[PDB]
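Novice: Each step along the first sequence adds one to the number in full-length UniProt numbering, with nothing skipped, and position 39 is 40. Take a look at this one; I'll ask things after.
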Amino acid sequence: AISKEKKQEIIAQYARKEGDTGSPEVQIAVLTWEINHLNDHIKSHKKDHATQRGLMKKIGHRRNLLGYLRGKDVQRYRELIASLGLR
RNA sequence: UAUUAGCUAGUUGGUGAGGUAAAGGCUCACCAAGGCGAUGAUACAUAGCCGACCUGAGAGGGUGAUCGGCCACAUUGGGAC
RNA sequence: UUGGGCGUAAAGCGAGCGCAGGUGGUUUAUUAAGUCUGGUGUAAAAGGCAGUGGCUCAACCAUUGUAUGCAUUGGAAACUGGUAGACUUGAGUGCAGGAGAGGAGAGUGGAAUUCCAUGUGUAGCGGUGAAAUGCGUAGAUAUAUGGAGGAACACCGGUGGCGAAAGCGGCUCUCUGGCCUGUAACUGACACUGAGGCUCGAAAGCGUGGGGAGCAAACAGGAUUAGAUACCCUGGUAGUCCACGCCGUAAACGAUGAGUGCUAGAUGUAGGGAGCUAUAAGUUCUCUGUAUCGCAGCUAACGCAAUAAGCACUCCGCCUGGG
RNA sequence: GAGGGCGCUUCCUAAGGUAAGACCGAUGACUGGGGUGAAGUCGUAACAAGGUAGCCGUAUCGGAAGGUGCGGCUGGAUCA
RNA sequence: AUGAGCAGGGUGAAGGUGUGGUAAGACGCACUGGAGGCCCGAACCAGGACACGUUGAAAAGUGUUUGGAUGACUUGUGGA
RNA sequence: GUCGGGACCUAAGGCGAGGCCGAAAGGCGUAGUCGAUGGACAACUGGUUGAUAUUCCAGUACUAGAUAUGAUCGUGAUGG
RNA sequence: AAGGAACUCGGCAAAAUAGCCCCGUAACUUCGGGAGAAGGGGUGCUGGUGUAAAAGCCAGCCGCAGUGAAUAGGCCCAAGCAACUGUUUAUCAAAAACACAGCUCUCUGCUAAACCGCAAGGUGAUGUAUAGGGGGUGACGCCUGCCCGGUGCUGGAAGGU
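This is the structure in structure tokens:
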């Protein structure tokens with residue numbers, strides 16, 4: 002939910018490999034971006050429950066995200082806790 | 001039986017001592033606060049248990065009679081030599 | 001379990017998440033955990049499969065063996081598990097496309113209803129099978145206009161789309177998910193689920209505060225007939241609408257859970273991808289969609305059948321004769 | 001003198017009382033529902049488009065079958 | 001209108017804060033924290049009951065209990 | 001002188017020329033005027049009688065003014 | 001004494017309990033409370049040791065009695081009424097009476113309505129319909145049914161008066 006400049010910008014900073022636009026770190030970038038760039042829209046009127054279900058499937062995408070980058074990979078996130086540092 | 005949820009106070013660890021045939025809160029003193037439990041702990045009903053044995057082709061269901069083993073008991077309850 | 005069913009006969013939660021828990025694309029090697037082999041424990045027994053003798057032979061007893069996760073320990077890498085390892089070839093993320101009643105707010109426009117005055121004229125209108133209901137001569141409806149307000153937005157509109165469904169259609173903005181077509185650019189299995197817990201959610205109604213056209217529970221009046229507390233008519237309260245909280249129950253439906261694999265075809269329609277048919281035309285493949293017939297399969301039958309009631313497996317759930 | 005029973009208090013302490021429950025049974029004036037039997041009486045519904053097709057969840061009015069309304073589906077018709 | 005007060009002691013909210021709590025809130029327990037027609041209870045202000053007295057100490061009491069006791073309190077002052 | 005008041009201000013209020021209305025008396029009321037329970041401000045220790053003490057006096061003040069005395073342009077309002 | 005409420009219309013008065021600490025605490029609940037529920041225990045002194053910041057320990061000494069006296073709740077069950085706190089006849093009566101938030105209706109667009117005064121003037125209130133005035137009822141929960149004949153009120157005007 003962002004333009005191509007901040008899209009490819011946040012790929013550019015928050016990518017750990019050039020061209021790795023499907024990195025788990027870039028899943029953190031766009032997904033962990035639009036959690037708080039999702040909160041703007043839930044606070045927009047607090048009514049769009051379909052977007053609340055988007056938050057459900059994207060919280061779950063964060064669940065597979067760091068459930069996997071803690072799940073099979075471990076230490077490339079253990080060095081990278083301070084990406085945002087959940088929980 | 002979860003229409004059997006939260007439960008547990010010596011409770012759970014540590015130290016000491018008494019005991020014992022012996023480690024052992026086995027007890028008791030003192031100092032620590034844990035621990036269990038919604039993947040069934042406690043509370044209530046019910047039960048002597050097992051080898052075995054009747055039936056079911058077997059899977060099993062069902063029983064514990066009589067026999068043998070263990071356990072428990074000795075009008076009731078509790079101590080202790 | 002062996003050795004069920006769930007479309008209608010009893011049954012799929014009312015739908016979503018993403019907690020445990022369950023299940024695992026391919027491959028390299030280890031591991032032997034489980035898995036198979038050998039040694040070890042095994043009922044004192046009594047008991048079975050046999051034999052012996054015998055109260056004769058009987059029945060059964062006495063005997064004799066046989067038959068056993070009762071156990072622990074060497075091997076097996078073929079599977080799973082684990083351990084390290086690799087690839088994408090599932091998933092998702094990239095770059096291009098579009099699409100829609102997807103949601104949520106912020107506004108706007110017209111028709112139409114009813115009402116305020118209103119031209120100027122006379123009993124009208126109502127309704128049915130008809131009228132009483134009634135209103136209306138205080139002279140109006142109807143017709144001339146302007147105003148007011150709420151509601152909803154005919155062809156658009158469709159087996160159309162989107163949304164998990166519930167549902168969503170005047171128009172315009174705001175920020176807003178979700179797919180599909182292509183794509184390996186990239187992660188390298190991140191997958192599927194889903195008890196628990198959580199969220200959403202018809203329809204009414206309930207709370208507070210508004211808005212109050214038309215409609216209509218409650219009730220009244222008039223037919224109705226034996227009777228009418230009903231169908232009809234005249235009305236007409238709650239309520240319908242707006243912000244703002246709740247119930248959590250609907251034929252929830254398709255009385256057909258979720259994931260993915262397989263495959264006769266005749267067939268709809270979307271919107272892409274590609275060709276395509278060229279001096280403008282019009283065809284073929286591909287994907288998700290949603291029908292209709294019907295191969296196989298299929299059931300008690302009815303029927304289903306590519307968006308299987310056919311053939312499989314993982315997550316769940318239900319179901320046990322009736323009241 | 002030690003030690004010794006008795007001398008000698010305490011500890012735990014069996015039973016009995018206390019209080020404030022909880023559980024579970026029995027029990028109970030009257031009373032709510034349900035089933036059974038009569039074949040009284042009320043009624044037209046539900047069954048055919050079963051006489052207003054319904055069937056749900058819900059609000060609300062009936063002696064009662066039931067009605068009115070919100071919305072939904074054929075397990076519905078003449079065929080719309 | 002201006003002033004005066006109304007000993008003490010509990011109670012414990014809200015509020016706030018911080019960590020386990022959470023995507024994030026709701027939650028957990030601390031910490032403040034006292035608001036409160038809160039409570040008890042002094043002064044103070046009443047008068048519920050009871051006894052005494054009632055030609056009474058008294059033209060309305062005493063004595064013992066009783067209530068409120070930070071309020072709609074009590075009440076000075078000076079006014080209408 | 002210093003304590004309380006007045007010679008300061010002012011609430012609540014009262015009186016109220018003007019003015020308003022009203023048989024009259026009156027009652028209202030602008031300016032203004034008073035009106036403390038309020039707000040303005042210097043003195044406090046010791047002794048002292050039969051009795052007065054912050055008042056009499058020892059010690060220290062301070063406030064305000066006066067006339068006596070090198071200013072210097074300064075004061076600076078009812079206004080702000 | 002012994003006995004208890006048998007007295008009485010009535011445990012009326014007296015009695016008895018209460019302090020502080022520490023346990024523990026049913027019912028319903030509007031979830032705060034109830035509740036100090038109840039019921040229970042302790043409470044003196046001596047030396048220690050730990051109490052000074054600080055109880056508890058140990059032993060003993062004692063005691064009829066250990067907040068040695070004073071001072072300081074009787075409790076429980078249930079029902080009706082009223083919610084409550086407040087206020088209430090001083091020279092009788094404190095309550096179920098009043099009041100109260102609450103809820104309801106109605107009236108008033110402003111030199112308000114309403115009210116006081118002959119008026120003037122002023123309140124209402126330097127108020128503007130969430131305010132002001134009147135009427136009902138008195139939290140919270142459920143609910144408020146029917147009847148416009150009559151009365152009153154409102155509104156309308158055809159005619160009578």
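A virtual CB, placed ideally from N, CA and C, is assigned to each residue, including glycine.
By Cβ distance, which residues of its chain are closer than 6 Å to residue 1, with the 5 residues on each side in sequence left out?
Specialist: Residue 1 is absent from the structure shown; the chain starts at 2 and stops at 88.
Novice: Does the structure place the segment 54-70 close enough to the segment 3-21 that three or more beta carbon pairs sit under 8 Å?
Specialist: Segments in contact, no.
Novice: Look at the Cβ atom of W34, then the Cβ atom of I60, and state whether they are nearer than 8 Å.
Specialist: Position 33 of the first sequence, counting from 1, holds the residue named residue 34. Position 59 of the first sequence, counting from 1, holds the residue named residue 60. No. Outside cutoff.
Novice: Can you give me the C-alpha to C-alpha distance between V75 and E26, rounded to a whole angstrom?
Specialist: Along the first sequence, one-based indexing puts residue 75 at 74. Along the first sequence, one-based indexing puts residue 26 at 25. Computed Cα separation, rounded: 13 Å.
Novice: Tell me the start and end of each unbroken beta strand (DSSP E) in the segment 13-56 that is at least 3 residues and wholly inside, in chain order.
Specialist: Correct list: empty.
Novice: Would you give the residue range spanned by the alpha helix (DSSP H) that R77 belongs to?
Specialist: As a working mapping, residue 77 is identified with position 76 in the first sequence. First-last of the alpha helix (DSSP H) with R77: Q76 to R79.
Novice: How long is the line joining the alpha carbons of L81 and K47, rounded to whole angstroms?
Specialist: Here the question's residue 81 lines up with position 80 in the first sequence. Here the question's residue 47 lines up with position 46 in the first sequence. Their Cα atoms are separated by approximately 33 Å.
Novice: Buried or exposed: which applies to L87, given that a residue is buried once 16 or more other Cβ atoms fall within 10 Å of its Cβ?
Specialist: As a first step, residue 87 must be located in the first sequence, where it is residue number 86. Result: exposed.
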